[PDB]
Amino acid sequence: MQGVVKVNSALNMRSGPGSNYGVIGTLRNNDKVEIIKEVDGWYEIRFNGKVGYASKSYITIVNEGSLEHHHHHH
């Protein structure tokens with residue numbers, strides 16, 4: 001499992017799953033991270049030996065049980 005962060009500039013990381021906790025670090029775009037689990041819609045990721053949560057809007061799950069091959073749109 002590998003999560004991908006998509007942000008125009010940079011996405012802030014938080015110790016708890018909420019904006020109330022506050023930013024504990026800064027994440028860059030195209031930054032591969034390891035997802036531990038999803039709680040309250042928030043994704044648990046680990047970076048630099050630190051554990052926190054990130055917004056699902058800026059995080060896209062890779063291979064979410066996909067199986068389609070050589071798929072073509074329209």
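Residues numbered from 1 in each chain as written, not as in the entry; some residues may be left out. Heavy atoms only, no water.

As recorded in the PDB header, solution NMR is the method behind this entry.

Q: Help me get a handle on the overall build of the protein chain, residues and values and all.
A: Helix and strand counts for the protein chain stand at zero helices and seven strands. In the protein chain, the succession of helices and strands from N to C terminus is β-β-β-β-β-β-β. Each of the three principal axes of the protein chain carries a C-alpha extent, and together these read 40 × 25 × 20 Å. Sequence separation of 24 or more characterises 44% of the internal contacts of the protein chain that already satisfy a separation of 6 or more. Accessible surface computed for the protein chain: about 5,600 Å², of which carbon and sulfur atoms make up 47%. Between the mean site of the 8 positive side-chain charges and the mean site of the 7 negative ones, the protein chain shows a separation of 9 Å. (Helix = DSSP H or I, 4+ residues; strand = E, 2+ residues; numbered from the N terminus. Contact = heavy atoms within 4.5 Å. Areas by Shrake-Rupley, 256 points an atom, 1.4 Å probe, with all protein chains shown as cover. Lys, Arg positive; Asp, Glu negative; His and termini not counted. Charge placed at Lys NZ, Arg CZ, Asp CG, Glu CD.)

Q: Go over the nonpolar core with me, naming the residues and quoting the values.
A: Counting residues in hydrophobic clusters, the biggest one holds twelve residues: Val-5, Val-7, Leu-11, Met-13, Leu-27, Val-33, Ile-35, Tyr-43, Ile-45, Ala-54, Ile-59 and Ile-61. Those elements giving two or more residues to this core turn out to be strand 2 (10-14), strand 4 (32-39), strand 5 (42-47) and strand 7 (59-61). (Core = buried A, V, L, I, M, F, W, Y, C linked by side-chain atoms within 4.5 Å. Buried < 20%, exposed > 50% of the residue type's maximum accessible area, 1.4 Å probe, protein only.)

Q: A description of the side chain of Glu-44 should follow, citing residues and the corresponding values.
A: Tracing the backbone shows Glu-44 in strand 5. Despite its burial, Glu-44 pairs with no opposite charge, the nearest such side chain being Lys-37 at 5.2 Å. Among the polar contacts made by the side chain of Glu-44, one reaches the side chain of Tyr-53 at a distance of 2.4 Å. Residues contacting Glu-44, with those up to four places away along its chain left out, are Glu-34, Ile-35, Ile-36, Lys-37, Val-51, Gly-52 and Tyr-53. (Salt bridge = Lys/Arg side-chain N within 4 Å of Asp/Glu carboxyl O. Polar contact = N/O pair within 3.5 Å; in protein donor to acceptor, adjacent residues only side chain to side chain.)

Q: How would you explain the side chain of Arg-14 if you had to name every residue and give the values?
A: As for its position among the elements, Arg-14 is in strand 2. One buried charge, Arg-14, has no salt-bridge partner; the nearest side chain with opposite charge is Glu-44, at 12 Å.

Q: Describe unusual backbone geometry, with residues and values.
A: In this structure, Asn-30 takes a positive phi of about 55° despite not being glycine. Mapped onto the fold, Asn-30 is located in the loop between strand 3 (23-28) and strand 4. A positive phi angle, close to 60°, is found at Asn-48, a residue other than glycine. In this structure, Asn-48 sits in the loop between strand 5 and strand 6 (50-54).

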